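Student: Contents of structure.pdb (PDB, C-alpha atoms and all ligand atoms) are given next:
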MODEL        1
ATOM      1  CA  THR A  35     126.509 130.422 104.629  1.00  0.00           C
ATOM      2  CA  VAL A  36     127.421 128.799 101.341  1.00  0.00           C
ATOM      3  CA  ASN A  37     125.361 129.366  98.212  1.00  0.00           C
ATOM      4  CA  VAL A  38     125.362 126.028  96.378  1.00  0.00           C
ATOM      5  CA  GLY A  39     123.025 127.017  93.573  1.00  0.00           C
ATOM      6  CA  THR A  40     119.348 127.607  92.793  1.00  0.00           C
ATOM      7  CA  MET A  41     116.243 125.500  93.216  1.00  0.00           C
ATOM      8  CA  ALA A  42     116.153 125.380  89.417  1.00  0.00           C
ATOM      9  CA  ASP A  43     119.706 123.963  89.420  1.00  0.00           C
ATOM     10  CA  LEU A  44     118.754 121.372  91.997  1.00  0.00           C
ATOM     11  CA  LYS A  45     115.778 120.452  89.827  1.00  0.00           C
ATOM     12  CA  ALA A  46     117.816 120.134  86.656  1.00  0.00           C
ATOM     13  CA  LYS A  47     120.865 118.480  88.220  1.00  0.00           C
ATOM     14  CA  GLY A  48     119.225 116.308  90.863  1.00  0.00           C
ATOM     15  CA  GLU A  49     121.668 117.516  93.524  1.00  0.00           C
ATOM     16  CA  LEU A  50     124.050 120.313  94.428  1.00  0.00           C
ATOM     17  CA  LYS A  51     127.490 119.864  95.966  1.00  0.00           C
ATOM     18  CA  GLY A  52     129.486 122.368  97.927  1.00  0.00           C
ATOM     19  CA  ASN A  53     132.304 122.912 100.368  1.00  0.00           C
ATOM     20  CA  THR A  54     131.550 124.430 103.763  1.00  0.00           C
ATOM     21  CA  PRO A  55     133.624 125.406 106.796  1.00  0.00           C
ATOM     22  CA  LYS A  56     132.364 122.224 108.433  1.00  0.00           C
ATOM     23  CA  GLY A  57     133.006 119.893 105.529  1.00  0.00           C
ATOM     24  CA  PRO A  58     131.537 118.885 102.183  1.00  0.00           C
ATOM     25  CA  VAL A  59     127.835 119.184 101.525  1.00  0.00           C
ATOM     26  CA  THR A  60     125.492 117.536  99.065  1.00  0.00           C
ATOM     27  CA  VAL A  61     122.031 119.026  98.780  1.00  0.00           C
ATOM     28  CA  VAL A  62     119.216 116.820  97.526  1.00  0.00           C
ATOM     29  CA  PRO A  63     115.434 117.170  97.367  1.00  0.00           C
ATOM     30  CA  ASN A  64     113.631 115.770 100.394  1.00  0.00           C
ATOM     31  CA  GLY A  65     110.124 115.897  99.000  1.00  0.00           C
ATOM     32  CA  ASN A  66     108.074 117.442  96.252  1.00  0.00           C
ATOM     33  CA  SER A  67     107.081 120.717  97.845  1.00  0.00           C
ATOM     34  CA  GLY A  68     110.467 122.386  97.884  1.00  0.00           C
ATOM     35  CA  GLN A  69     111.823 120.456 100.835  1.00  0.00           C
ATOM     36  CA  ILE A  70     115.547 119.985 100.611  1.00  0.00           C
ATOM     37  CA  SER A  71     118.143 118.185 102.664  1.00  0.00           C
ATOM     38  CA  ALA A  72     121.788 119.128 102.951  1.00  0.00           C
ATOM     39  CA  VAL A  73     124.011 116.337 104.218  1.00  0.00           C
ATOM     40  CA  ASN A  74     127.706 115.971 104.825  1.00  0.00           C
ATOM     41  CA  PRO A  75     128.289 113.068 102.344  1.00  0.00           C
ATOM     42  CA  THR A  76     131.149 111.664 104.435  1.00  0.00           C
ATOM     43  CA  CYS A  77     130.063 108.111 105.136  1.00  0.00           C
ATOM     44  CA  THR A  78     129.909 107.604 108.905  1.00  0.00           C
ATOM     45  CA  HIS A  79     131.498 104.203 108.604  1.00  0.00           C
ATOM     46  CA  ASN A  80     134.944 104.843 107.024  1.00  0.00           C
ATOM     47  CA  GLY A  81     134.702 108.304 105.486  1.00  0.00           C
ATOM     48  CA  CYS A  82     134.155 107.535 101.797  1.00  0.00           C
ATOM     49  CA  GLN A  83     131.960 110.088 100.070  1.00  0.00           C
ATOM     50  CA  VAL A  84     128.460 108.736  99.548  1.00  0.00           C
ATOM     51  CA  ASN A  85     126.703 109.094  96.205  1.00  0.00           C
ATOM     52  CA  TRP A  86     123.124 110.287  95.768  1.00  0.00           C
ATOM     53  CA  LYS A  87     121.187 107.813  93.628  1.00  0.00           C
ATOM     54  CA  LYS A  88     117.958 109.570  92.714  1.00  0.00           C
ATOM     55  CA  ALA A  89     116.431 106.446  91.165  1.00  0.00           C
ATOM     56  CA  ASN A  90     116.599 104.706  94.538  1.00  0.00           C
ATOM     57  CA  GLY A  91     116.003 107.819  96.670  1.00  0.00           C
ATOM     58  CA  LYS A  92     119.124 106.986  98.674  1.00  0.00           C
ATOM     59  CA  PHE A  93     122.752 107.890  99.144  1.00  0.00           C
ATOM     60  CA  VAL A  94     124.859 104.785  98.578  1.00  0.00           C
ATOM     61  CA  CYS A  95     128.428 104.510  99.831  1.00  0.00           C
ATOM     62  CA  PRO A  96     130.689 103.165  97.069  1.00  0.00           C
ATOM     63  CA  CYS A  97     133.169 101.683  99.528  1.00  0.00           C
ATOM     64  CA  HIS A  98     131.133  99.236 101.573  1.00  0.00           C
ATOM     65  CA  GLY A  99     127.516  99.784 100.590  1.00  0.00           C
ATOM     66  CA  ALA A 100     126.023 101.702 103.532  1.00  0.00           C
ATOM     67  CA  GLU A 101     122.895 103.553 102.440  1.00  0.00           C
ATOM     68  CA  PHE A 102     121.222 106.680 103.710  1.00  0.00           C
ATOM     69  CA  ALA A 103     117.916 108.397 103.125  1.00  0.00           C
ATOM     70  CA  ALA A 104     117.810 111.924 101.647  1.00  0.00           C
ATOM     71  CA  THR A 105     117.706 113.144 105.254  1.00  0.00           C
ATOM     72  CA  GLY A 106     120.954 111.333 106.032  1.00  0.00           C
ATOM     73  CA  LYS A 107     119.193 108.665 108.085  1.00  0.00           C
ATOM     74  CA  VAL A 108     121.176 105.449 107.919  1.00  0.00           C
ATOM     75  CA  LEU A 109     119.218 102.749 106.136  1.00  0.00           C
ATOM     76  CA  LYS A 110     121.858 100.078 105.670  1.00  0.00           C
ATOM     77  CA  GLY A 111     125.095  99.147 107.386  1.00  0.00           C
ATOM     78  CA  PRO A 112     127.928  98.982 108.012  1.00  0.00           C
ATOM     79  CA  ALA A 113     127.481 102.640 108.951  1.00  0.00           C
ATOM     80  CA  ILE A 114     125.502 102.936 112.199  1.00  0.00           C
ATOM     81  CA  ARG A 115     125.234 106.728 112.484  1.00  0.00           C
ATOM     82  CA  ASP A 116     123.200 109.070 110.333  1.00  0.00           C
ATOM     83  CA  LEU A 117     125.029 111.491 108.088  1.00  0.00           C
ATOM     84  CA  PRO A 118     125.670 114.866 109.648  1.00  0.00           C
ATOM     85  CA  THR A 119     123.368 117.496 108.150  1.00  0.00           C
ATOM     86  CA  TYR A 120     123.334 121.256 107.647  1.00  0.00           C
ATOM     87  CA  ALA A 121     120.496 123.681 108.152  1.00  0.00           C
ATOM     88  CA  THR A 122     119.479 125.359 104.896  1.00  0.00           C
ATOM     89  CA  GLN A 123     117.659 128.464 103.877  1.00  0.00           C
ATOM     90  CA  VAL A 124     116.258 129.213 100.484  1.00  0.00           C
ATOM     91  CA  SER A 125     116.551 132.918  99.769  1.00  0.00           C
ATOM     92  CA  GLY A 126     114.957 133.849  96.473  1.00  0.00           C
ATOM     93  CA  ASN A 127     115.696 130.602  94.663  1.00  0.00           C
ATOM     94  CA  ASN A 128     119.224 130.411  96.138  1.00  0.00           C
ATOM     95  CA  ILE A 129     119.941 127.406  98.320  1.00  0.00           C
ATOM     96  CA  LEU A 130     122.045 128.539 101.247  1.00  0.00           C
ATOM     97  CA  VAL A 131     123.854 126.018 103.404  1.00  0.00           C
ATOM     98  CA  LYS A 132     124.516 127.179 106.952  1.00  0.00           C
ATOM     99  CA  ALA A 133     127.522 126.596 109.262  1.00  0.00           C
TER
ATOM    100  CA  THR B  35     151.686  70.158 110.538  1.00  0.00           C
ATOM    101  CA  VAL B  36     148.914  71.379 112.825  1.00  0.00           C
ATOM    102  CA  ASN B  37     146.399  68.779 113.991  1.00  0.00           C
ATOM    103  CA  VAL B  38     143.039  70.521 114.343  1.00  0.00           C
ATOM    104  CA  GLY B  39     140.906  67.473 115.041  1.00  0.00           C
ATOM    105  CA  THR B  40     139.271  64.498 113.328  1.00  0.00           C
ATOM    106  CA  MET B  41     136.800  64.211 110.478  1.00  0.00           C
ATOM    107  CA  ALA B  42     134.278  63.162 113.097  1.00  0.00           C
ATOM    108  CA  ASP B  43     134.924  66.405 115.000  1.00  0.00           C
ATOM    109  CA  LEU B  44     134.582  68.323 111.764  1.00  0.00           C
ATOM    110  CA  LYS B  45     131.275  66.556 111.060  1.00  0.00           C
ATOM    111  CA  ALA B  46     129.925  67.078 114.561  1.00  0.00           C
ATOM    112  CA  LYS B  47     131.160  70.638 114.944  1.00  0.00           C
ATOM    113  CA  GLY B  48     130.855  71.933 111.424  1.00  0.00           C
ATOM    114  CA  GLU B  49     134.351  73.383 111.431  1.00  0.00           C
ATOM    115  CA  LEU B  50     137.654  73.178 113.206  1.00  0.00           C
ATOM    116  CA  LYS B  51     139.747  76.191 114.174  1.00  0.00           C
ATOM    117  CA  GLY B  52     143.444  76.348 114.813  1.00  0.00           C
ATOM    118  CA  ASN B  53     146.576  78.427 114.876  1.00  0.00           C
ATOM    119  CA  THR B  54     149.441  77.927 112.437  1.00  0.00           C
ATOM    120  CA  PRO B  55     152.864  79.500 111.802  1.00  0.00           C
ATOM    121  CA  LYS B  56     151.268  81.506 108.996  1.00  0.00           C
ATOM    122  CA  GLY B  57     148.182  82.593 110.856  1.00  0.00           C
ATOM    123  CA  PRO B  58     144.807  81.328 112.031  1.00  0.00           C
ATOM    124  CA  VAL B  59     143.023  78.546 110.192  1.00  0.00           C
ATOM    125  CA  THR B  60     139.426  77.451 109.951  1.00  0.00           C
ATOM    126  CA  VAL B  61     138.752  74.074 108.393  1.00  0.00           C
ATOM    127  CA  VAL B  62     135.359  73.410 106.827  1.00  0.00           C
ATOM    128  CA  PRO B  63     133.791  70.703 104.641  1.00  0.00           C
ATOM    129  CA  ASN B  64     134.057  71.302 100.876  1.00  0.00           C
ATOM    130  CA  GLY B  65     131.912  68.449  99.582  1.00  0.00           C
ATOM    131  CA  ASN B  66     130.213  65.212 100.597  1.00  0.00           C
ATOM    132  CA  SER B  67     133.105  62.990  99.546  1.00  0.00           C
ATOM    133  CA  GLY B  68     135.167  64.011 102.547  1.00  0.00           C
ATOM    134  CA  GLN B  69     136.640  67.020 100.775  1.00  0.00           C
ATOM    135  CA  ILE B  70     137.742  69.726 103.191  1.00  0.00           C
ATOM    136  CA  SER B  71     139.092  73.236 102.913  1.00  0.00           C
ATOM    137  CA  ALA B  72     141.396  75.147 105.268  1.00  0.00           C
ATOM    138  CA  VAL B  73     141.356  78.911 104.972  1.00  0.00           C
ATOM    139  CA  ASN B  74     143.016  81.719 106.874  1.00  0.00           C
ATOM    140  CA  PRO B  75     139.804  83.399 108.180  1.00  0.00           C
ATOM    141  CA  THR B  76     141.331  86.868 108.106  1.00  0.00           C
ATOM    142  CA  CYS B  77     139.008  88.831 105.848  1.00  0.00           C
ATOM    143  CA  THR B  78     141.011  90.212 102.905  1.00  0.00           C
ATOM    144  CA  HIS B  79     139.224  93.535 103.093  1.00  0.00           C
ATOM    145  CA  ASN B  80     140.003  94.884 106.576  1.00  0.00           C
ATOM    146  CA  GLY B  81     141.148  91.853 108.551  1.00  0.00           C
ATOM    147  CA  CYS B  82     138.130  90.868 110.641  1.00  0.00           C
ATOM    148  CA  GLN B  83     137.828  87.148 111.201  1.00  0.00           C
ATOM    149  CA  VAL B  84     135.195  85.705 108.924  1.00  0.00           C
ATOM    150  CA  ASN B  85     132.618  83.321 110.324  1.00  0.00           C
ATOM    151  CA  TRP B  86     131.575  80.009 108.773  1.00  0.00           C
ATOM    152  CA  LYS B  87     127.800  79.744 108.357  1.00  0.00           C
ATOM    153  CA  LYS B  88     127.191  76.068 107.657  1.00  0.00           C
ATOM    154  CA  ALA B  89     123.578  76.555 106.600  1.00  0.00           C
ATOM    155  CA  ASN B  90     124.666  78.952 103.850  1.00  0.00           C
ATOM    156  CA  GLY B  91     127.913  77.219 102.896  1.00  0.00           C
ATOM    157  CA  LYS B  92     129.780  80.475 103.271  1.00  0.00           C
ATOM    158  CA  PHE B  93     132.177  82.376 105.445  1.00  0.00           C
ATOM    159  CA  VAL B  94     130.550  85.731 106.203  1.00  0.00           C
ATOM    160  CA  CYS B  95     132.589  88.650 107.489  1.00  0.00           C
ATOM    161  CA  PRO B  96     130.842  90.258 110.449  1.00  0.00           C
ATOM    162  CA  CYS B  97     132.460  93.602 109.809  1.00  0.00           C
ATOM    163  CA  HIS B  98     131.283  94.543 106.333  1.00  0.00           C
ATOM    164  CA  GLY B  99     129.498  91.482 105.023  1.00  0.00           C
ATOM    165  CA  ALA B 100     131.991  90.131 102.485  1.00  0.00           C
ATOM    166  CA  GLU B 101     131.328  86.447 101.839  1.00  0.00           C
ATOM    167  CA  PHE B 102     133.632  83.652 100.805  1.00  0.00           C
ATOM    168  CA  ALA B 103     133.013  80.122  99.659  1.00  0.00           C
ATOM    169  CA  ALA B 104     134.295  77.100 101.569  1.00  0.00           C
ATOM    170  CA  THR B 105     137.389  77.316  99.302  1.00  0.00           C
ATOM    171  CA  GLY B 106     138.021  80.910 100.343  1.00  0.00           C
ATOM    172  CA  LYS B 107     136.814  82.222  96.961  1.00  0.00           C
ATOM    173  CA  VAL B 108     135.361  85.697  97.361  1.00  0.00           C
ATOM    174  CA  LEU B 109     131.632  85.705  96.631  1.00  0.00           C
ATOM    175  CA  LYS B 110     130.577  89.142  97.789  1.00  0.00           C
ATOM    176  CA  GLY B 111     132.417  92.380  98.347  1.00  0.00           C
ATOM    177  CA  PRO B 112     133.811  94.590  99.659  1.00  0.00           C
ATOM    178  CA  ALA B 113     136.610  92.049  99.780  1.00  0.00           C
ATOM    179  CA  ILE B 114     138.112  91.477  96.318  1.00  0.00           C
ATOM    180  CA  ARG B 115     140.764  88.851  97.078  1.00  0.00           C
ATOM    181  CA  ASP B 116     140.172  85.254  98.069  1.00  0.00           C
ATOM    182  CA  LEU B 117     141.054  84.085 101.550  1.00  0.00           C
ATOM    183  CA  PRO B 118     144.513  82.592 101.779  1.00  0.00           C
ATOM    184  CA  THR B 119     144.300  78.796 102.081  1.00  0.00           C
ATOM    185  CA  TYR B 120     146.332  75.965 103.545  1.00  0.00           C
ATOM    186  CA  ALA B 121     147.049  72.567 102.070  1.00  0.00           C
ATOM    187  CA  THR B 122     145.527  69.796 104.163  1.00  0.00           C
ATOM    188  CA  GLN B 123     146.167  66.141 104.800  1.00  0.00           C
ATOM    189  CA  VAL B 124     143.795  63.721 106.460  1.00  0.00           C
ATOM    190  CA  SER B 125     145.960  61.154 108.257  1.00  0.00           C
ATOM    191  CA  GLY B 126     144.096  58.410 110.066  1.00  0.00           C
ATOM    192  CA  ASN B 127     141.020  60.589 110.442  1.00  0.00           C
ATOM    193  CA  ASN B 128     143.257  63.412 111.767  1.00  0.00           C
ATOM    194  CA  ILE B 129     143.078  66.679 109.852  1.00  0.00           C
ATOM    195  CA  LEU B 130     146.514  68.116 109.330  1.00  0.00           C
ATOM    196  CA  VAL B 131     146.946  71.693 108.225  1.00  0.00           C
ATOM    197  CA  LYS B 132     150.241  72.382 106.528  1.00  0.00           C
ATOM    198  CA  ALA B 133     151.567  75.889 107.099  1.00  0.00           C
TER
HETATM  199  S1  LIG A 201     133.001 104.009 104.158  1.00  0.00           S
HETATM  200 FE1  LIG A 201     130.825 103.925 103.695  1.00  0.00          FE
HETATM  201  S2  LIG A 201     130.142 101.835 104.145  1.00  0.00           S
HETATM  202 FE2  LIG A 201     132.322 101.929 104.685  1.00  0.00          FE
HETATM  203  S1  LIG A 202     136.792  93.356 107.195  1.00  0.00           S
HETATM  204 FE1  LIG A 202     135.638  91.755 106.089  1.00  0.00          FE
HETATM  205  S2  LIG A 202     134.217  92.830 104.744  1.00  0.00           S
HETATM  206 FE2  LIG A 202     135.473  94.420 105.720  1.00  0.00          FE
HETATM  207 NI    NI A 203     137.245  99.294 102.675  1.00  0.00          NI
HETATM  208 NI    NI A 204     134.425  98.894 109.377  1.00  0.00          NI
ENDMDL
END
Take the structure I supplied and represent it as structure tokens, if you would.
Tutor:
Amino acid sequence: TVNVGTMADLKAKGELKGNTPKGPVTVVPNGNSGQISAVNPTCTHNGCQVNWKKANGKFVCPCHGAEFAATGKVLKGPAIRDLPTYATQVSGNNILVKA
Amino acid sequence: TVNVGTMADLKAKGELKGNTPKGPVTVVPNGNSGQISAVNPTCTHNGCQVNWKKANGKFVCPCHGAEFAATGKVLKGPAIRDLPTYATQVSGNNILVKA
């Protein structure tokens, strides 16, 4: 597992990025009760790294505009596959990304 | 140098496609005074062939949605360069594309 920071950090920063054995990870809130979502930000269209835009509640790809929900669900093309995701575990405020 | 059809054909069909020594060409109307425009429909982003949508007066790329005006001018990204164009000559109602 990869410790990407605390729930307090996620709150203050809006997101937490990390590097895992299976690729990059960006952790964002996925609700208001502590739910979080860890996605591999590699756009499923042409591999650009997507950018979490909290004001719109979506990841937006800077290369061709694909958009994804906090869960990684594709919301707008040209990507047609959801972002890969990672299971997470919060252990005493620490956000742990698995795999 | 490449005869793609007549103005009547262009009016009835909306566009005329052809092949030239410098690549494909799509000829579309560019006004109501008989003005026409010949572009190389190869999208300047990643090379997909853009498609003329007469109702919207634009070439729309089916791959990532870039749009171009009848003149080839880029109107919407991700493309950032205009479509190459070809000089044209209307000779006796015949549309000649010079490549
Ligand atoms: S790489 Fe993300 S939309 Fe193309
Ligand atoms: S190939 Fe035309 S927008 Fe990408
Ligand atoms: Ni691109
Ligand atoms: Ni593509």
Student: Given the file above and the PyMOL selection byres ((chain A and not hetatm) within 8 of (chain B)), which residues are selected, and can you give them as a PyMOL selection string?
Tutor: chain A and resi 97-98+111-112
Student: Take the PyMOL selection byres (((chain A and resi 120-123) around 8) and not hetatm), apply it to the structure above, and return the hits as a list in words.
Tutor: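 For this structure, the PyMOL selection byres (((chain A and resi 120-123) around 8) and not hetatm) captures residues 59, 70, 71, 72, 73, 74, 118, 119, 124, 125, 129, 130, 131, 132 and 133 of chain A.
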Student: Could you tell me which residues the PyMOL selection byres (((chain B and resi 48) around 12) and not hetatm) grabs in this file, written as a list in words?
Tutor: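 Taken on the displayed file, the PyMOL selection byres (((chain B and resi 48) around 12) and not hetatm) yields the residues residues 39, 40, 41, 42, 43, 44, 45, 46, 47, 49, 50, 51, 60, 61, 62, 63, 64, 70, 71, 85, 86, 87, 88, 89, 91, 92 and 104 of chain B.
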Student: Only C-alpha atoms, please: the residues just picked out, written as a PDB file, in the coordinates of the input.
Tutor:
ATOM      1  CA  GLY B  39     140.906  67.473 115.041  1.00  0.00           C
ATOM      2  CA  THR B  40     139.271  64.498 113.328  1.00  0.00           C
ATOM      3  CA  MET B  41     136.800  64.211 110.478  1.00  0.00           C
ATOM      4  CA  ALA B  42     134.278  63.162 113.097  1.00  0.00           C
ATOM      5  CA  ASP B  43     134.924  66.405 115.000  1.00  0.00           C
ATOM      6  CA  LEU B  44     134.582  68.323 111.764  1.00  0.00           C
ATOM      7  CA  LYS B  45     131.275  66.556 111.060  1.00  0.00           C
ATOM      8  CA  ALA B  46     129.925  67.078 114.561  1.00  0.00           C
ATOM      9  CA  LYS B  47     131.160  70.638 114.944  1.00  0.00           C
ATOM     10  CA  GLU B  49     134.351  73.383 111.431  1.00  0.00           C
ATOM     11  CA  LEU B  50     137.654  73.178 113.206  1.00  0.00           C
ATOM     12  CA  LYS B  51     139.747  76.191 114.174  1.00  0.00           C
ATOM     13  CA  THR B  60     139.426  77.451 109.951  1.00  0.00           C
ATOM     14  CA  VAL B  61     138.752  74.074 108.393  1.00  0.00           C
ATOM     15  CA  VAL B  62     135.359  73.410 106.827  1.00  0.00           C
ATOM     16  CA  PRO B  63     133.791  70.703 104.641  1.00  0.00           C
ATOM     17  CA  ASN B  64     134.057  71.302 100.876  1.00  0.00           C
ATOM     18  CA  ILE B  70     137.742  69.726 103.191  1.00  0.00           C
ATOM     19  CA  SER B  71     139.092  73.236 102.913  1.00  0.00           C
ATOM     20  CA  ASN B  85     132.618  83.321 110.324  1.00  0.00           C
ATOM     21  CA  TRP B  86     131.575  80.009 108.773  1.00  0.00           C
ATOM     22  CA  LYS B  87     127.800  79.744 108.357  1.00  0.00           C
ATOM     23  CA  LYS B  88     127.191  76.068 107.657  1.00  0.00           C
ATOM     24  CA  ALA B  89     123.578  76.555 106.600  1.00  0.00           C
ATOM     25  CA  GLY B  91     127.913  77.219 102.896  1.00  0.00           C
ATOM     26  CA  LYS B  92     129.780  80.475 103.271  1.00  0.00           C
ATOM     27  CA  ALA B 104     134.295  77.100 101.569  1.00  0.00           C
TER      28      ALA B 104
END
Student: Taking every C-alpha atom in sequence order, what RMSD do you get when chain A is least-squares fitted onto chain B?
Tutor: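 My reading of the C-alpha RMSD is 0.2 Å.
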Student: Using atom CA of residue 81 of chain A and atom CA of residue 108 of chain B as the two end points, give the distance in Å to one decimal.
Tutor: 24.0 Å
Student: At what distance in Å, to one decimal, does atom CA of residue 84 of chain A lie from atom CA of residue 76 of chain B?
Tutor: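 Going from atom CA of residue 76 of chain B over to atom CA of residue 84 of chain A covers 26.8 Å.
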Student: Would you compute the distance between atom CA of residue 82 of chain A and atom CA of residue 78 of chain B? Give it in Å to one decimal.
Tutor: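 Going from atom CA of residue 82 of chain A over to atom CA of residue 78 of chain B, I get 18.7 Å.
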Student: Any idea what's packed within 7 Å of residue 107 of chain B, counting all atoms listed in the file, ignoring anything in its chain fewer than 5 positions away? Could you give it as a list in words?
Tutor: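 After dropping sequence-adjacent residues, the list is residues 102, 116 and 117 of chain B.
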Student: Pick from A:80, A:69, A:90, A:105: nearest to ligand LIG 201 (chain A), with all atoms listed in the file counted?
Tutor: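 So, comparing all the options, the nearest one is A:80.
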Student: Which residue, A:106, A:77, A:37, A:67, has the smallest gap to ligand NI 204 (chain A) when you use all atoms listed in the file?
Tutor: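 Nearest to ligand NI 204 (chain A): A:77.
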Student: Which is closer to ligand NI 204 (chain A) than all the others in A:109, A:79, A:114, A:103, using all atoms listed in the file?
Tutor: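 Selected residue with least distance to ligand NI 204 (chain A): A:79.
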